[PDB]
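K.L.:
Just passing along the structure, written as structure tokens.
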Amino acid sequence: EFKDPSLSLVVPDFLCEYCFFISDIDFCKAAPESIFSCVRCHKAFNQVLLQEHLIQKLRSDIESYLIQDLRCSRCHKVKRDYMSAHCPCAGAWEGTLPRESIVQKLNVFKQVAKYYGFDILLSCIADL
Amino acid sequence: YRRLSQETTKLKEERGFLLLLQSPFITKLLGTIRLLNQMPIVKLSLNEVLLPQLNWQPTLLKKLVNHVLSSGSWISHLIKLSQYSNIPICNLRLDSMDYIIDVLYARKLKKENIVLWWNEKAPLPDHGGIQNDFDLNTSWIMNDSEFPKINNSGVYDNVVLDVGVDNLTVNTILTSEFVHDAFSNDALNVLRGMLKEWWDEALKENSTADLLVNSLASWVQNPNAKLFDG
Amino acid sequence: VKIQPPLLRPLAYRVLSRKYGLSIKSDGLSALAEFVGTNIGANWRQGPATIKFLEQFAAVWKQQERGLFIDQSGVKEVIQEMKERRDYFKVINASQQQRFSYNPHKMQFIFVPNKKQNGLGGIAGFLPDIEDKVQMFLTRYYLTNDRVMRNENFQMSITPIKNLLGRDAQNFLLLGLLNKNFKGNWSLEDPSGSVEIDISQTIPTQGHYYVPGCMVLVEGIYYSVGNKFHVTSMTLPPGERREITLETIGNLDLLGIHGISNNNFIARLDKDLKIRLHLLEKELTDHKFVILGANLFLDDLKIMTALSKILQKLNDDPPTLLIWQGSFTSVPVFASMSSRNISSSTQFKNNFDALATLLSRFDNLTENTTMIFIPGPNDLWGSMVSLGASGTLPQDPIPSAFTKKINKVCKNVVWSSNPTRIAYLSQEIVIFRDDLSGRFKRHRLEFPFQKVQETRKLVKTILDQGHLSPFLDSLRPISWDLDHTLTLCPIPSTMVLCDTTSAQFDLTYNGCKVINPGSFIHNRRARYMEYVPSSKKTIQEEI
Ligand SMILES: [Zn+2]
Ligand SMILES: [Zn+2]
């Protein structure tokens, strides 16, 4: 059975001051000589800005996971009590954001930071 | 290393002129020499200059010569921008296009009856002090920046047209109580009229208006510019 | 003299297998052999000295673990013997704080294994699991209810919310989370159920900041016409002192410096407490620690000038602990959209490189005093996403990638979290940097009906509620597992309650003393405050 041999990590709305041009950028699927340069103009990007935006994305992901809501198992109603054992009906709460998704995202951040030379992002991970 | 003060003093007592300043440490150089506060100075910060560790003489010579012989064009452009934007000479920068938009929009709102919510040294709008508090709706509306896309796989034996769309944001802006996530429609209409007159002026042979309209979207995205709102 | 192991084996074996001890390994025999080699002489004819040295070995080794095996460490106990023939205080952050759960039905604190020590942690081990946010409010309610029940006055009995369904026209006493329901009315939440409240005729106990999210004792009459509990009075639960709080669990080593507890067993100690108290009673004036104001900025020249003026005064007489608190950058750091000027991260790195230069001319302070740094509201990690607004409370320390010169210039620097705990010989200190006055004033709940009283109410409320952040998840999101670090249980002796919106004060109440440092700079004056561990304060300023 065929699968996709690569994951995806996309940074939305990266701006090129030399063009005022807005587009996304895929750090995993896009080939080199295009991550470091604008699509239209062939002007090199600044690397610390890329690394800072990656750190921003990772921190926003962590905060978004930590601020998630709880959903019941059988019925998909939202938890509306600050403290309760479980749903009035049968079923236990589960989070909207699963753990495995963010674990895999952190793994792909590790892979991306290891492929290129990104010391600041490595130190960002190491502080956790 | 002490001759900078001597040169500045001799220039001060030899002529009353404007000074072009270009360095990554503008504030540090302003603080090192006390005579710099006594003259009108225009700053032209183009930082992030480095050395190739070898054969630096010709590259630095090229930098200096192009700077000195393009300062005329630079000051001509600055004069054009200042005499169009009703802003003094020393308060403008070549790349600081957002500042002009901010000041003119604030002036238009001041002639109106809407509070500016102006802010300094902080990339948040002024809401009376409430903005520093964490809130769920705000934190959700800052971080939802993903743009969806459509992809339908398959093999096509028919002809396919690859087209490109440009100036979508400006068209979206120009074209088109109960809801709490709504932005004040008064400001939206004000900026729509502003952009309409901007477009009309840029049509009638105005490079400055065209460049400013081009930079409008980058101003909208960038939170570093003042008068920003998520 | 190089010995033969066979002719030494019985001497060790008898003493360490028949009278006391057991299970001597081969490395233990080698360590004892080299010990005999050091204390060589008229041995194999000398009785008392060797056996009493073995008894001293037992008196050194029986306290460690259980002492039923002797590995390569035999040289380590030998060195312990050699060296047995200020210190004793530690500073701990919220990340490494020991984890202790709570159980209501047995009424004991329960140790929980640390995920850092037993788990792998190679990729992601800091992420709490789902049920922690379910159990955090349960734990807070359990602790509050136990504290209320232990009170002398309450031996009247409170009733659960759910048991209010069938009766009416009767008065009751209850307590629970006072908050807003989905509809928009004020309600009380209990592990059993919830009801609607009435405020139109409520007479409060003055001196308390009634904010949503704080446990409150409610008295009133239930009515079954609707679901309205007509309240007649509201009062925060009272407090308790450190000694009575401790004695219920003996003297637990929660902030254990002498010893630690684990899943296998629980520990206790009170014999050394009076020894350490008497040790503290002498040479305490020499062991002084000084703290400064908040929001000290490393970008403007005036703050650097004031800091230089302070350091030239402090160099001659270096204190023990110097605590730097507040935000070190006046502008929050975030994504930079300009590649023409200096990036925010590079500027943040540059702000600390100047401090390394300024510390080069104060070698006495650098050599004799340790440094403590505490993050503020808009440091690198927080303002990265919150953009200078309030956010998660257990803040990470200053990243190591931006302090690569301070650790080499100074021999003792420590970066801690926003809530940090230091354990002296007989003192424990908590430092908490954030704003409270505005937070309580703006969200104060209204009741239909000279600056020293505001801080009085603040202290009374924060000590009665017994939690650092008496707010719901909507206002201040909290990490799911680290909430135990914010719990105000076995309350500390002294609180460094730094606040930029409250005047400086030195209040003490209910066995706890609270100090409120202000901003480092104010009305063209610079102020920093030093606290003597003998319950004496001093305030000094330099223009
Ligand atoms: Zn470009
Ligand atoms: Zn259900």
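Chain labels A, B, ... are given in the sequence in which chains occur in the structure tokens; within each chain residues are numbered consecutively from 1, and ligands are likewise numbered from 1 in the order shown.
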Considering only C-alpha atoms, extract the chain B residues located within 9 Å of chain C and return them as a list in words.
P.N.:
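Within 9 Å of chain C on chain B, we get residues 24, 25, 31, 45, 46, 47, 48, 95, 121, 122, 123, 124, 130, 131, 132, 133, 134, 135, 136, 139, 222, 223 and 224 of chain B.
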K.L.:
Would you give me, as a tab-separated table (two decimals) with N, CA and C atoms, in the first residue's frame, the residues of chain C that come within 10 Å of chain A, using only C-alpha atoms?
P.N.:
```tsv
chain	number	residue	atom	x	y	z
C	95	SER	N	10.12	24.08	38.01
C	95	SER	CA	10.27	22.93	37.12
C	95	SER	C	10.75	21.70	37.88
C	121	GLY	N	12.11	11.05	28.23
C	121	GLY	CA	12.31	12.46	28.01
C	121	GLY	C	13.15	12.81	26.80
C	123	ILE	N	12.30	13.01	23.58
C	123	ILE	CA	11.60	13.83	22.60
C	123	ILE	C	10.66	14.83	23.27
C	124	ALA	N	9.67	14.34	24.03
C	124	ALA	CA	8.68	15.23	24.64
C	124	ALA	C	8.12	14.52	25.87
C	125	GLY	N	8.56	14.96	27.05
C	125	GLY	CA	8.07	14.39	28.29
C	125	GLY	C	7.45	15.42	29.21
C	126	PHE	N	7.56	16.70	28.83
C	126	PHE	CA	7.02	17.78	29.64
C	126	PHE	C	5.53	18.00	29.42
C	127	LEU	N	4.92	17.32	28.46
C	127	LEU	CA	3.51	17.53	28.16
C	127	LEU	C	2.64	16.80	29.17
C	128	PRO	N	1.80	17.50	29.92
C	128	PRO	CA	0.89	16.81	30.85
C	128	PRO	C	-0.20	16.06	30.10
C	129	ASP	N	-0.74	15.03	30.76
C	129	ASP	CA	-1.81	14.25	30.16
C	129	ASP	C	-3.16	14.94	30.39
C	130	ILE	N	-4.22	14.34	29.85
C	130	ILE	CA	-5.50	15.04	29.72
C	130	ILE	C	-6.16	15.26	31.08
C	131	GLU	N	-6.11	14.26	31.96
C	131	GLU	CA	-6.89	14.31	33.19
C	131	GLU	C	-6.34	15.27	34.24
C	133	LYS	N	-6.01	18.54	34.07
C	133	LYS	CA	-6.88	19.70	34.19
C	133	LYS	C	-8.21	19.33	34.82
C	134	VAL	N	-8.63	18.08	34.69
C	134	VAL	CA	-9.83	17.62	35.39
C	134	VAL	C	-9.58	17.57	36.89
C	135	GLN	N	-8.40	17.09	37.29
C	135	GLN	CA	-8.11	16.86	38.70
C	135	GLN	C	-7.56	18.09	39.43
C	136	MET	N	-7.14	19.14	38.71
C	136	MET	CA	-6.52	20.28	39.39
C	136	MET	C	-7.52	21.02	40.28
C	137	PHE	N	-8.71	21.31	39.76
C	137	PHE	CA	-9.72	21.98	40.57
C	137	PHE	C	-10.22	21.07	41.69
C	138	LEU	N	-10.29	19.77	41.43
C	138	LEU	CA	-10.65	18.82	42.48
C	138	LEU	C	-9.64	18.88	43.63
C	141	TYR	N	-10.05	22.17	45.57
C	141	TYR	CA	-11.23	22.10	46.43
C	141	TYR	C	-10.99	21.20	47.63
C	177	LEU	N	-16.73	27.02	44.09
C	177	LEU	CA	-16.25	27.97	43.10
C	177	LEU	C	-17.36	28.93	42.70
C	179	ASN	N	-18.51	31.63	40.24
C	179	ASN	CA	-18.15	32.01	38.88
C	179	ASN	C	-19.42	32.30	38.09
C	181	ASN	N	-21.99	31.11	34.97
C	181	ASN	CA	-22.41	29.97	34.17
C	181	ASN	C	-22.42	30.35	32.69
C	182	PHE	N	-22.89	29.42	31.85
C	182	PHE	CA	-22.94	29.70	30.42
C	182	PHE	C	-23.97	30.78	30.10
C	189	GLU	N	-20.20	26.15	42.26
C	189	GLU	CA	-19.89	24.81	41.78
C	189	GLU	C	-19.31	23.96	42.91
C	190	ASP	N	-19.77	22.72	42.98
C	190	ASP	CA	-19.33	21.75	43.97
C	190	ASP	C	-19.10	20.43	43.24
C	191	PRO	N	-18.25	19.55	43.79
C	191	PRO	CA	-18.07	18.23	43.17
C	191	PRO	C	-19.36	17.44	43.02
C	192	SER	N	-20.42	17.82	43.73
C	192	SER	CA	-21.72	17.17	43.59
C	192	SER	C	-22.58	17.85	42.53
C	193	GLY	N	-22.75	19.16	42.63
C	193	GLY	CA	-23.60	19.86	41.68
C	193	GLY	C	-23.40	21.36	41.76
C	194	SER	N	-24.35	22.08	41.18
C	194	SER	CA	-24.29	23.54	41.13
C	194	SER	C	-25.69	24.12	41.27
C	334	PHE	N	9.44	39.76	19.64
C	334	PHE	CA	8.56	38.96	18.80
C	334	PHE	C	9.18	38.89	17.40
C	335	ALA	N	8.38	38.45	16.43
C	335	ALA	CA	8.87	38.28	15.07
C	335	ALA	C	9.25	39.63	14.46
C	336	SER	N	10.37	39.65	13.75
C	336	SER	CA	10.86	40.85	13.08
C	336	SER	C	10.58	40.74	11.59
C	337	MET	N	9.92	41.76	11.04
C	337	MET	CA	9.57	41.79	9.63
C	337	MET	C	10.49	42.68	8.81
C	338	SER	N	11.57	43.19	9.41
C	338	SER	CA	12.52	44.05	8.72
C	338	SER	C	13.90	43.42	8.76
C	339	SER	N	14.52	43.29	7.59
C	339	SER	CA	15.87	42.75	7.47
C	339	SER	C	16.91	43.84	7.28
C	340	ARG	N	16.54	45.10	7.46
C	340	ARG	CA	17.46	46.22	7.27
C	340	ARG	C	18.12	46.69	8.56
C	343	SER	N	17.91	42.83	14.51
C	343	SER	CA	16.81	41.97	14.90
C	343	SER	C	16.56	42.04	16.41
C	344	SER	N	15.33	41.71	16.80
C	344	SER	CA	14.96	41.79	18.21
C	344	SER	C	15.75	40.80	19.06
C	345	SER	N	15.94	39.57	18.56
C	345	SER	CA	16.70	38.58	19.32
C	345	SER	C	18.16	39.01	19.48
C	346	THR	N	18.76	39.55	18.42
C	346	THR	CA	20.14	40.02	18.52
C	346	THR	C	20.25	41.19	19.49
C	381	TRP	N	10.47	34.28	26.25
C	381	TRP	CA	9.57	33.17	25.99
C	381	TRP	C	8.10	33.60	26.04
C	382	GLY	N	7.72	34.37	27.05
C	382	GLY	CA	6.34	34.81	27.18
C	382	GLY	C	5.91	35.73	26.06
C	384	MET	N	6.97	36.15	23.37
C	384	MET	CA	7.05	35.53	22.06
C	384	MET	C	5.66	35.21	21.52
C	385	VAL	N	4.72	34.85	22.39
C	385	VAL	CA	3.35	34.53	21.99
C	385	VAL	C	2.33	35.47	22.62
C	386	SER	N	2.51	35.82	23.89
C	386	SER	CA	1.58	36.73	24.55
C	386	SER	C	1.79	38.18	24.14
C	391	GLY	N	0.00	35.61	30.53
C	391	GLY	CA	-0.05	34.28	29.95
C	391	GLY	C	0.15	33.20	30.98
C	392	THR	N	0.80	32.12	30.56
C	392	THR	CA	1.04	30.99	31.45
C	392	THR	C	1.93	31.40	32.61
C	396	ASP	N	9.24	29.76	31.86
C	396	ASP	CA	10.55	29.17	31.71
C	396	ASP	C	11.63	30.18	32.09
C	397	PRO	N	12.80	29.71	32.52
C	397	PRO	CA	13.91	30.64	32.81
C	397	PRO	C	14.45	31.27	31.54
C	398	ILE	N	15.31	32.26	31.74
C	398	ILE	CA	15.95	32.94	30.61
C	398	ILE	C	16.75	31.93	29.80
C	399	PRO	N	16.60	31.88	28.48
C	399	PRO	CA	17.28	30.84	27.70
C	399	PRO	C	18.80	30.97	27.79
C	400	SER	N	19.47	29.81	27.78
C	400	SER	CA	20.92	29.79	27.91
C	400	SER	C	21.62	30.36	26.69
C	401	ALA	N	20.97	30.37	25.53
C	401	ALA	CA	21.58	30.90	24.32
C	401	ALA	C	21.76	32.41	24.36
C	402	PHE	N	21.16	33.10	25.32
C	402	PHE	CA	21.23	34.56	25.41
C	402	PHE	C	21.97	35.03	26.65
C	472	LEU	N	-9.73	31.78	37.46
C	472	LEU	CA	-10.15	30.64	36.65
C	472	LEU	C	-9.18	30.44	35.48
C	473	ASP	N	-9.50	29.46	34.63
C	473	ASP	CA	-8.67	29.18	33.47
C	473	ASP	C	-8.84	30.23	32.38
C	474	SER	N	-9.94	30.98	32.40
C	474	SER	CA	-10.16	32.00	31.37
C	474	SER	C	-9.19	33.15	31.51
C	477	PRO	N	-4.34	31.08	32.24
C	477	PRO	CA	-4.13	29.65	31.99
C	477	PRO	C	-2.92	29.15	32.77
C	478	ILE	N	-3.03	27.93	33.29
C	478	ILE	CA	-2.01	27.34	34.14
C	478	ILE	C	-1.62	25.99	33.54
C	479	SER	N	-0.32	25.68	33.61
C	479	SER	CA	0.13	24.36	33.20
C	479	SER	C	-0.56	23.29	34.04
C	480	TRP	N	-0.93	22.19	33.39
C	480	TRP	CA	-1.84	21.23	34.01
C	480	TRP	C	-1.22	20.57	35.24
```
K.L.:
With only C-alpha atoms and all ligand atoms counted, collect every polymer residue having an atom within 12 Å of ligand 2; state the result as a list in words.
P.N.:
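Listing the residues within 12 Å of ligand 2 gives residues 70, 71, 72, 73, 74, 75, 76, 77, 78, 79, 80, 85, 86, 87, 88, 89, 90, 91, 92, 93 and 94 of chain A.
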K.L.:
Can you check which residues of chain B have any atom within 7 Å of chain A? Use only C-alpha atoms and format it as a VMD selection string.
P.N.:
chain B and resid 145 to 146 215 218
K.L.:
Residues as selected, C-alpha atoms, written as an mmCIF file, in the first residue's frame, can you do that?
P.N.:
```
data_model
loop_
_atom_site.group_PDB
_atom_site.id
_atom_site.type_symbol
_atom_site.label_atom_id
_atom_site.label_comp_id
_atom_site.auth_asym_id
_atom_site.auth_seq_id
_atom_site.Cartn_x
_atom_site.Cartn_y
_atom_site.Cartn_z
ATOM 1 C CA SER B 145 -3.492 32.593 10.261
ATOM 2 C CA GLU B 146 -3.691 29.432 8.128
ATOM 3 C CA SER B 215 3.052 48.795 0.999
ATOM 4 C CA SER B 218 2.589 44.860 4.472
#
```
K.L.:
So the first atom is CA of residue 348 in chain C and the second is CA of residue 519 in chain C; what is the distance between them in Å, to one decimal place?
P.N.:
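Separating CA of residue 348 in chain C from CA of residue 519 in chain C is a distance of 21.0 Å.
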K.L.:
Please measure the separation of CA of residue 374 in chain C and CA of residue 352 in chain C, giving the value in Å to one decimal.
P.N.:
14.1 Å
K.L.:
Apply DSSP to the structure's backbone, then extract all residues of chain A labelled helix (DSSP H, G or I) and return them as JSON, numbers by chain.
P.N.:
{"A": [47, 48, 49, 50, 51, 52, 53, 54, 55, 56, 57, 58, 59, 60, 61, 62, 63, 64, 65, 66, 99, 100, 101, 102, 103, 104, 105, 106, 107, 108, 109, 110, 111, 112, 113, 114, 115, 119, 120, 121, 122, 123, 124, 125, 126]}
K.L.:
Report as a ChimeraX atom specification all protein, DNA and RNA residues lying within 6 Å of range 486-494 of chain C, evaluated on only C-alpha atoms, omitting residues in the same chain fewer than 4 positions from it.
P.N.:
/C:242,245,428-429,466-468,512-514
K.L.:
Write down as a list in words the residues of range 7-77 of chain A whose backbone DSSP state falls under strand (DSSP E).
P.N.:
residues 10, 11, 12, 13, 14, 15, 16, 21, 22, 23, 24, 25, 26, 70 and 71 of chain A
K.L.:
For those residues, write N, CA, C and O atoms to a file as a short mmCIF file (atom, residue, chain, number, x, y, z; two decimals), in the first residue's frame.
P.N.:
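Okay, again_12.cif is ready:
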```
data_model
loop_
_atom_site.label_atom_id
_atom_site.label_comp_id
_atom_site.auth_asym_id
_atom_site.auth_seq_id
_atom_site.Cartn_x
_atom_site.Cartn_y
_atom_site.Cartn_z
N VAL A 10 4.51 23.78 7.26
CA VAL A 10 4.31 24.98 6.45
C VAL A 10 4.24 26.19 7.36
O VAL A 10 3.52 26.18 8.37
N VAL A 11 4.98 27.23 7.01
CA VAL A 11 4.96 28.51 7.71
C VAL A 11 4.12 29.48 6.89
O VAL A 11 4.51 29.80 5.75
N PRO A 12 2.99 29.96 7.40
CA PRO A 12 2.12 30.81 6.59
C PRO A 12 2.57 32.27 6.59
O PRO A 12 3.06 32.80 7.59
N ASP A 13 2.39 32.91 5.43
CA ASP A 13 2.53 34.36 5.27
C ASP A 13 3.93 34.84 5.67
O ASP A 13 4.11 35.60 6.63
N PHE A 14 4.92 34.37 4.92
CA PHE A 14 6.26 34.93 4.99
C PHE A 14 6.38 36.07 3.99
O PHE A 14 6.03 35.92 2.82
N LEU A 15 6.89 37.21 4.46
CA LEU A 15 6.89 38.45 3.69
C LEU A 15 8.27 38.72 3.12
O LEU A 15 9.28 38.59 3.83
N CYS A 16 8.32 39.11 1.85
CA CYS A 16 9.54 39.58 1.21
C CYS A 16 9.45 41.09 1.07
O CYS A 16 8.61 41.60 0.32
N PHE A 21 5.60 40.71 -1.12
CA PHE A 21 4.98 39.50 -1.63
C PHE A 21 4.69 38.53 -0.49
O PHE A 21 5.54 38.32 0.39
N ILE A 22 3.50 37.95 -0.50
CA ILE A 22 3.02 37.09 0.58
C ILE A 22 2.78 35.69 0.03
O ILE A 22 2.05 35.52 -0.96
N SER A 23 3.39 34.70 0.67
CA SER A 23 3.17 33.30 0.31
C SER A 23 3.61 32.42 1.47
O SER A 23 4.33 32.86 2.36
N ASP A 24 3.15 31.18 1.44
CA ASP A 24 3.56 30.20 2.43
C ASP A 24 4.93 29.63 2.06
O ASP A 24 5.51 29.95 1.02
N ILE A 25 5.45 28.76 2.93
CA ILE A 25 6.73 28.10 2.68
C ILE A 25 6.72 26.76 3.41
O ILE A 25 6.37 26.69 4.59
N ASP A 26 7.08 25.70 2.70
CA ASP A 26 7.09 24.35 3.24
C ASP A 26 8.53 23.95 3.54
O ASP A 26 9.34 23.82 2.62
N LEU A 70 -12.44 20.19 26.22
CA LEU A 70 -12.70 18.78 26.49
C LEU A 70 -14.04 18.36 25.90
O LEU A 70 -15.04 19.07 26.04
N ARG A 71 -14.05 17.20 25.25
CA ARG A 71 -15.22 16.68 24.56
C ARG A 71 -15.56 15.30 25.09
O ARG A 71 -14.66 14.48 25.32
#
```
K.L.:
If we count only C-alpha atoms, what is near residue 117 in chain B at a cut-off of 7 Å, once residues fewer than 6 positions away on the same chain are taken out, given as number ranges by chain?
P.N.:
B: 125-127, 227
K.L.:
Please produce a file of those selected residues containing N, CA and C atoms, as a PDB file, in the first residue's frame.
P.N.:
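Output file again_25.pdb is given in full below:
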```
ATOM      1  N   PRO B 125      -2.858  47.423  20.576  1.00  0.00           N
ATOM      2  CA  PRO B 125      -3.728  48.601  20.600  1.00  0.00           C
ATOM      3  C   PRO B 125      -4.071  48.995  22.026  1.00  0.00           C
ATOM      4  N   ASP B 126      -4.323  50.285  22.215  1.00  0.00           N
ATOM      5  CA  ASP B 126      -4.659  50.819  23.527  1.00  0.00           C
ATOM      6  C   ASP B 126      -6.167  50.740  23.729  1.00  0.00           C
ATOM      7  N   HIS B 127      -6.596  49.899  24.669  1.00  0.00           N
ATOM      8  CA  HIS B 127      -8.008  49.717  24.973  1.00  0.00           C
ATOM      9  C   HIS B 127      -8.371  50.243  26.357  1.00  0.00           C
ATOM     10  N   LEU B 227      -0.568  51.875  15.724  1.00  0.00           N
ATOM     11  CA  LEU B 227      -1.993  51.873  15.385  1.00  0.00           C
ATOM     12  C   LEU B 227      -2.441  50.494  14.895  1.00  0.00           C
TER      13      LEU B 227
END
```
K.L.:
Determine the nearest neighbour of ligand 1 from the options A:30, A:9, A:108, A:41, counting only C-alpha atoms and all ligand atoms.
P.N.:
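Checking each of A:30, A:9, A:108, A:41 against ligand 1, counting only C-alpha atoms and all ligand atoms, the winner is A:41.
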K.L.:
Neighbouring residues of range 113-116 of chain C were defined as those with any atom within 8 Å, considering only C-alpha atoms; residues of the same chain fewer than 2 positions away were excluded. Please report them as a PDB file with C-alpha atoms, in the first residue's frame.
P.N.:
```pdb
ATOM      1  CA  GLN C  98       8.803  17.793  44.016  1.00  0.00           C
ATOM      2  CA  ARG C  99       5.350  16.523  43.045  1.00  0.00           C
ATOM      3  CA  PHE C 111       4.199  11.272  46.368  1.00  0.00           C
ATOM      4  CA  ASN C 118      11.876   7.624  35.480  1.00  0.00           C
ATOM      5  CA  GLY C 119      10.658   8.606  32.017  1.00  0.00           C
ATOM      6  CA  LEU C 120      12.781   8.797  28.893  1.00  0.00           C
ATOM      7  CA  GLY C 121      12.307  12.462  28.007  1.00  0.00           C
ATOM      8  CA  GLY C 125       8.071  14.392  28.290  1.00  0.00           C
ATOM      9  CA  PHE C 126       7.019  17.781  29.642  1.00  0.00           C
ATOM     10  CA  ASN C 262       9.877   8.931  47.043  1.00  0.00           C
ATOM     11  CA  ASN C 263       7.304   6.314  46.063  1.00  0.00           C
TER      12      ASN C 263
END
```
K.L.:
Tell me, in Å to one decimal, how far CA of residue 58 in chain C is from CA of residue 21 in chain C.
P.N.:
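Computing the Euclidean distance for CA of residue 58 in chain C and CA of residue 21 in chain C yields 7.6 Å.
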K.L.:
Measuring atom to atom with only C-alpha atoms, identify which of C:481, C:286, C:253, C:299 is nearest to residue 347 in chain C.
P.N.:
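Closest to residue 347 in chain C, using only C-alpha atoms: C:299.
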